[PDB]
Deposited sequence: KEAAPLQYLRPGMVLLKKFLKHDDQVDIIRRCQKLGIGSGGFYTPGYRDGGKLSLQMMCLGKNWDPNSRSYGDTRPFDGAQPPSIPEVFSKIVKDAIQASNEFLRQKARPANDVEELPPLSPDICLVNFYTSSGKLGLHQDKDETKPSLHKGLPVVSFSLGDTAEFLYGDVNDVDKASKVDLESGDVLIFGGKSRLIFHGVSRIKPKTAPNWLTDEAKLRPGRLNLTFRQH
């Protein structure tokens, strides 16, 4: 649960039907206009990764359409935003209960982007900061809220671009991870996808392919 100031991991936060619904909506959004593509560049490097944005588009920074094909991203489903807000509320309640030092509290989020990352089993994403948001967003420490579904990721995090100084946590299917405030500019990334770790009920009900779906909400 508490990983460092303003960084909370909510285990198995996503409900059954919400996990299925997320996958089904992403499968459909993923094949249409503004769907998944293989990025030519990601800060930190990458392997076996495809992405698509909902809300604002995030290109190699932010815009209304993808330059390479002109497609407008699908908007962020209202259910996704609701679950983001619930995660932030639950984290703030936890932080209030944990207070001994200042009381910690994460800023609210009204996300206008969702980056959807899909990793196959050989997937990885190198260490980087989420630093492309506007200066006021960053200065306010508005959090990043990350959903995990499917196979488990080994997620690295730390203060610098060196794995030797990074911590590791597993992000398992259903987990929501939040980093804001003093943790907003952590270096972070995905070192490994653990094969064959997605819950069977999810693979079966959502017809989920091998790998991991991440949704990362910001601004």
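- Where C-alpha coordinates are absent, the deposited sequence of this PDB chain has the segments 1-6, 67-69, 110-111, 231.
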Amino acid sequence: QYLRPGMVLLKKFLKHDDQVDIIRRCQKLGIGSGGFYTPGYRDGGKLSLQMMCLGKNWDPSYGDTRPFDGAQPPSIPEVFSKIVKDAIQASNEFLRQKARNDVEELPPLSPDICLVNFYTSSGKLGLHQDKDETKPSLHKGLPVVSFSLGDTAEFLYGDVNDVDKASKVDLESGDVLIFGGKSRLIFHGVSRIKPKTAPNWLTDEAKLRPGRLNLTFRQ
From here on, numbers count along this sequence of modelled residues.
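- Relative to its counterpart among 180-188 and 65-73, 65-73 has the higher mean temperature factor, C-alpha atoms as listed in the PDB entry.
- For the pair 29-37 and 147-155, the mean B factor over Cα atoms is greater in 29-37.
- In the PDB entry, the Cα temperature factor peaks, among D175, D59, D162, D43, at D59.
- Placement of the Cα temperature factor of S110 within the chain: highest third of the modelled residues, per the deposited record.
- The entry lists a Cα temperature factor for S137 that places it in the highest third of the chain's modelled residues.
- Per the PDB record, residue ranking by Cα B-factor puts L208 in the highest third of the chain.
- Ranked against the other modelled residues of its chain, the C-alpha B-factor of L127 as given in the entry falls in the lowest third.
- Among the modelled residues of its chain, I83 has a C-alpha B-factor that falls in the middle third according to the deposited record.
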